[PDB]
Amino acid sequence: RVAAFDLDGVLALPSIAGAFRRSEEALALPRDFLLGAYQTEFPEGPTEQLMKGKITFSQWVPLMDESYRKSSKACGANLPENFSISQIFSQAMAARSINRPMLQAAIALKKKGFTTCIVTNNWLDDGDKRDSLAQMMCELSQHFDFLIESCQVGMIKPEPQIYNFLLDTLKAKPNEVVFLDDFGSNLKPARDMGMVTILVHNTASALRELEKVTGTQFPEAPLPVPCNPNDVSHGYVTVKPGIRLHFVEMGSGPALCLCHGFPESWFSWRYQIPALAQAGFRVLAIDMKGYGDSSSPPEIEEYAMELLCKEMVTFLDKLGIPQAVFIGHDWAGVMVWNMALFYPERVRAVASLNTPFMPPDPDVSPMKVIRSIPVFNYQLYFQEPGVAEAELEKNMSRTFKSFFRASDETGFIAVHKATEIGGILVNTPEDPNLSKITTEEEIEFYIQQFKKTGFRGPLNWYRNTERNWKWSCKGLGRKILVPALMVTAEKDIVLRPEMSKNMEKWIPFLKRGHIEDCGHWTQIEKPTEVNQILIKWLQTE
């Protein structure tokens, strides 16, 4: 089966026609005097040349102005002398946006396993606000398998060639497909052809229910679009001889590098990658040193924080970027605050999820502070090479089902006990019921990803306690003045909100966010909220 939706009216709102009305009436003219040129059944003259893409938009402006003027005062209704459908058109088109519960509805049946597509009487917009159309088309691009623009194939609606063509392409029966239009007039030949006829009047809503009817039912407030994965661009920068950083790119300027934590990947930002791009940013979801597709040198000094933060600038340098908004989480969160602290120039901004900014005490061995905190026992476990590796690597499937679990779920990790029992996955089963937070596929990704690096490299992040301490002690007399945002997770066992109360001592103006009922895996666990926040922040500052 397949679903195909018209853009203006069903996937995109408010229909361009809408404004055609409030311009007709607005300009006091005979019902459909203007919507005539647009949709009427007998497309002739200029607009027929338009949807067929014989002439572009700007051309069609004059041709149509004058053609209106014919039927104008020179045939009933008084159309002003100095009148033009150009600015009313481009503005109503620019002022039109995506029908989420619809696009949402579309992504569903695609997930369900449907043939998702759009069939619209399009045109080639060479206008000033020609971009608006491009963005709407850029982002809609993913969700649909096929795009049949009247202005590309040369057969406007409701001429049958298009419908008869919509099928040859979809290679299917007309009953096999369902047609969503907002004119009904374009729907007549669709029904008559043995296809499903659903008039998208309203704003979906009801057409969403007489829609639920066949196929299935759709969410109430679904999950934000997660970039997923072969469909993405893959960057590769070589910052130093043996060392190269892999990453994923989406969206256009300005730049914001998403840095992940232990034991994850760039795929962790899957839910934020798209949205943020769409938020109007060039996203760079990077695979941190030692992870997935970037270099994983075995040596430990190789993961010193000083080294990673510097290798971070080298990364921007080679890419030719002078400044980025750094958004860290978990371990990276640390790095990220360090980025802000040591390279403010290259940092347009900083955001940390869960990780507070915890500068060291000069008169307190770094090690002792770990030995003291009871919930950092695992950190000590890790401290020894070969050991934790051996445990985590043994059966990667469990290892992840174990680590990634919600705040309200059993099958946990032994952050407290670790050392005694000799593991974190020592009291965990050998078949952890898969978290309601991940999918077997999502898990499998991480497996393959780690099947390439093992865990040494990632673990070595922990193993630099001392020098990391020695280094960061250099900025104890500094303040973090570039824009910062700290987001805390209510139920994150290690890395608890409480660990940040004294943050403003160093980071005044530090703006803040807080997600409730949320565990460690902030992004994967409460994405929509993570997004809302991150965007608002980016927009606002």
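The first residue of the shown sequence is 1; numbering continues from there.
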- Message: Would you say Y236 is commonly dropped, meaning unmodelled in a third or more of the other compared entries that have residues on each side of it?
- Response: no
- Is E529 one of the residues left unmodelled in a third or more of the other entries compared? no
- Between the two ranges 321-329 and 417-425, the one averaging a larger CA B factor in the entry: 417-425
- Taking the deposited Cα B-factors and averaging over 137-145 and over 154-162, the higher mean is found in 154-162
- Query: When you compare the CA B-factors of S71, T465, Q87, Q449 as listed in the entry, which one comes out on top?
  - Reply: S71
- Task: Return the residue from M288, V200, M339, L353 that has the highest Cα B-factor in the entry.
- Result: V200
- Grab the CA temperature factor for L34 from the record and place it in the lowest, middle or highest third of its chain. highest
- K470, C-alpha B-factor rank within chain (lowest, middle or highest third): middle
- Query: What third of its chain's C-alpha B-factors does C227 belong to: lowest, middle or highest?
  - Reply: highest
- Query: When the modelled residues of the chain are sorted by Cα temperature factor, does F114 land in the lowest, middle or highest third?
  - Reply: highest
- Would you mind checking where the Cα B-factor of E176 ranks among the modelled residues of its chain, as the lowest, middle or highest third? highest
